[PDB]
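K.L.:
This is the structure, below, for whatever I ask next.
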Amino acid sequence: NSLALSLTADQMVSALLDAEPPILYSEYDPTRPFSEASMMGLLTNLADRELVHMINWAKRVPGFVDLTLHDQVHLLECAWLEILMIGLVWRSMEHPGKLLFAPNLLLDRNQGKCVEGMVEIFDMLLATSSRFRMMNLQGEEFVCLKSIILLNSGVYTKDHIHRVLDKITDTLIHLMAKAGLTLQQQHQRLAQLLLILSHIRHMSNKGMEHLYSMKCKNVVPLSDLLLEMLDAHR
Amino acid sequence: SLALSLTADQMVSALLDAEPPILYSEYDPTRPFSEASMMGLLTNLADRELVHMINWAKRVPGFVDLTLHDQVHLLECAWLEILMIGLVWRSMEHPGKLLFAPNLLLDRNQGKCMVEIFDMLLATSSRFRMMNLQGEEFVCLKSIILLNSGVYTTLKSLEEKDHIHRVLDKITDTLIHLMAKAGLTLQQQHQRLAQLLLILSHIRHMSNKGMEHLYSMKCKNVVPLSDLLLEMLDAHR
Amino acid sequence: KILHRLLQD
Amino acid sequence: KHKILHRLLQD
Ligand SMILES: Oc1ccc(C(=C2Cc3ccccc3C2)c2ccc(O)cc2)cc1
Ligand SMILES: Oc1ccc(C(=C2Cc3ccccc3C2)c2ccc(O)cc2)cc1
């Protein structure tokens, strides 16, 4: 029996907020990257450090440590780029037309043109951030969505995870009712939030192909960890 | 604009009446199988399904209120997802098999090189079976894929997305109405709604992987793609 | 494009 | 196969 299913809605919100990874910085050099080598070098270094926090974040997601070690590996391998991207979209929310990869690293789509194939994913991330802003997405909602991605993206690659996934749904509805939304507004916003997860999956799939292409180019050195995260997607 | 004035029951009836037919393939069990003809059978089948899918889309409430340029984009983005969820729904009562056509059942053992996509479709199918997905719910999910899958990819082309979002909200209302009429408590309605929409994330994943396999099959120059499929596949450059 | 004219048909 | 993730998930 899992401790995760005995938590209340508030306890679930508190546990997820306390597990949040910090916002990491990029290199403090103030040249704006317009090279593919300089831009992908800073993003890869950034993502490599973020992955170490993601792994320890996931262990604090309720119900995650009840899974086998293999199941934990599988879910993280499938979801890692989705989790990085929804985090990027979240903190870029208050910077319209900009992507805040780090507080000292904001990229516009004019820089995304410096890599073939990047500007297309750039615009999808931009539109996702604008969608979050127009919906007035809250932090308590964001961490529920990020946890759903971790648990759902690799389920059918199971009774326990679906029970935890239902628990997070109750938590999302709890936050909306707490915010004074009517019954009709609650289920509509629930649907609007979860349909964005389809687009987050789409962006990750396109991003994964972009990283595989960068690996074959062999100019940007990838860490062994990012290499194994990338190799997991066949 | 008719779609926004429709009731939940009128919405369900409109979607059910617009359902495309289930087509047959050219499969012959006496004819020796291979690795090129079987995909040739599926390619020929998808190409004829696309013609019905287009006519189905124009009967989806709200779709024809969009401009031709937006209708093209939504179909170009969602066509493989829509084919796949139709296949998954078609295969609910055939566990361990995919019912591409009434005369073409395939298990995992056939399907050769593709097996990863096959297993994913098999899992979504058993997922629908476990949830006891209803036909009224399926036609809603399929219409959601059409309007949502390409909605996040000018001047006043923002008012076009506002109409799509409102119609999408209308489909969500219809889904809740179906579950409430089935006797589901309010908590069950929200949980089932979440469960159904999370499957759409997996359906998008299977489509992205299918597009890569079809692009590879094209560059192998063995299996000939039809003129429409070539253009539909080319949209995902 | 094939899809365009089938839609306006 | 020995992934780095296996080690990092233990602690
Ligand atoms: O080695 C890498 C691993 C992940 C990334 C990130 C991507 C984000 C992105 C946007 C457009 C095209 C490709 C990509 C990848 C990414 C980086 C940081 C972050 O917070 C979110 C995503 C880039 C390099
Ligand atoms: O040229 C083609 C276009 C689409 C397909 C379909 C796929 C379904 C499927 C299953 C396993 C591996 C690949 C694929 C693709 C597919 C065909 C019919 C249908 O109703 C649904 C999907 C196959 C060939």
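Count begins at 1; order follows the chain as displayed.
This deposition comes from X-ray crystallography, 2.1 Å.
Yeah, the Cβs are placed from backbone N, Cα and C, and that goes for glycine too.
Below are the features listed in Swiss-Prot for this protein:
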- A:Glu50, A:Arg91, A:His210: 17beta-estradiol binding site (BINDING)
- A:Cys144: S-palmitoyl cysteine (LIPID)
K.L.:
Taking DSSP as the reference, which of helix, strand or coil describes A:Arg91 (17beta-estradiol binding site)?
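P.N.:
A:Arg91 (17beta-estradiol binding site) sits in a helix per DSSP.
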K.L.:
Can you list which of the recorded positions A:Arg91, A:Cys144, A:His210 have their Cβ under 6 Å from some atom of ligand 1?
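P.N.:
A:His210, by Cβ distance under 6 Å.
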K.L.:
How many Å lie between the CA of A:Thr157 and the CA of A:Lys158, given 11 residues are missing there?
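P.N.:
Roughly 10 Å, rounded to a whole number, separates the two Cα atoms.
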K.L.:
Whole-number answer please: how many Å between the C-alpha atoms of A:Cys144 (S-palmitoyl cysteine) and A:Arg91 (17beta-estradiol binding site)?
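P.N.:
Taking the Cα atoms only, A:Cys144 (S-palmitoyl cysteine) lies 15 Å from A:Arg91 (17beta-estradiol binding site).
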K.L.:
So the record assigns A:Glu50, A:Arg91, A:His210 to 17beta-estradiol. If I measure every Cα pair among those residues, what is the longest distance in angstrom, as a whole number?
P.N.:
22
K.L.:
When you measure from the Cβ of A:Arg91 (17beta-estradiol binding site), how many other Cβ atoms are you left with inside 10 Å?
P.N.:
16
